[PDB]
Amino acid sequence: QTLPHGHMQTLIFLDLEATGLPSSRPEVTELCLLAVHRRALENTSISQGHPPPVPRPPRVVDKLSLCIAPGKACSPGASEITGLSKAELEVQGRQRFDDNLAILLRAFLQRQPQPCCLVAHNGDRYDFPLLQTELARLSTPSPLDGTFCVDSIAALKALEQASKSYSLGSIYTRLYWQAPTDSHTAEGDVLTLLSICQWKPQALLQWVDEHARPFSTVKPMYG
C-alpha cells in the first residue's frame, strides 16, 4: 500500500566511511547522522530556476559525526579518498565500534520523533548491511531494530521519472551545476545527499513513506 509503516516523522541522512569495498569484509571508520523532521523538509524553499541554487539546509537539525578506530587497516584506495587511516585514528585516541557507541546512537535516535527512517546513498548494498554487521558483533541489541531505512538511489530514479548515472556526485552535478564538496567524508557526503533530497522534498517524502522497510530485515554484509 501507500503507508506500510505510517508517515515517517524524521529522515536520518546517513553516510559511512570504511576500510574497503564489500569483498574486503570492511569495517567502519567514520559515521555521520543528520536527522531532519518531515516538516523541515516539506517547508524547504521550492526549487525554481535553472540551475536552482543548492537548497539551504533546514535550520532545525540534529547532527552526529564520529570517527571510529577500525580493527584492521584501510586499503590503499580507501585510505586516500577518505583521508582516514587506522594509525591516524588510533594515535588520536578514537575508540572502536563498541557498546558505548550503540548507547550513543540509541540516545541520539531516541531524541527523534517516530517513526524514523534512515536515508543512505547505496545503503541497501553497502551502508545498511555494513552497519548491520557492526551492530551484530555487539552484546547490546541493535538500536535500529525499530528504525526504518531507504536507499536514496532508488528514491531519485523514481523521482526523476517525471516524464543516466545515479552516483552521488553525478546526481548532484545534474540537479545543480556546482561540484559536491568534501567528497568521501561522512559529514561531507551526508550534506551532499541532503541537498539532493531537498530538490523535490514532497515527492521524496511520498516515495520514502511508500518504500520504508525495517532496518531489522537488512542482511549483514558478512559474519
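For every residue, the number given is its place in the sequence shown, counted from 1. Between two forms, the rigid core is defined as the largest C-alpha subset superposing within 1.5 Å.
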Practice item. Taking the root mean square of C-alpha distances over all structures and residues in 5 other deposited structures of this protein, with a rigid core superposition, name the larger of 22-30 and 183-191. Key: 183-191
Practice item. Going by root mean square C-alpha distance after a core fit, say whether 57-65 or 172-180 is farther from the shown form in 5 other deposited structures of this protein. Key: 172-180
Check your understanding: Of the other entries that cover residues on both sides, do at least a third skip residue 165?
Key -> no
Exercise for review: Indicate whether the chain is continuous between residue 163 and residue 164 or, if not, how many deposited residues are absent from the coordinates: none, 1 to 3, 4 to 9, or 10 or more.
Suggested key: 4 to 9
**Study point:** Average Cα temperature factor in the PDB entry - higher stretch of 188-196, 154-162
**Key:** 154-162
Study note, to complete from the structure: Per the PDB entry, mean CA B-factor is higher for 124-132 or 76-84, namely for 76-84
Check your understanding: By its CA B factor, does residue 221 count among the lowest, middle or highest third of the modelled residues in the chain?
Key -> middle
Exercise for review: Select lowest, middle or highest to describe the third in which the CA B-factor of residue 56 falls within its chain in this entry.
Suggested key: highest
Point to revise | residue 137 - which third its CA temperature factor falls in, relative to the rest of the chain | key: highest
Study note, to complete from the structure: residue 9: CA B-factor among chain residues, third -> lowest
Exercise for review: Going by the recorded CA B-factors, say which third of the chain residue 168 sits in, lowest, middle or highest.
Suggested key: middle
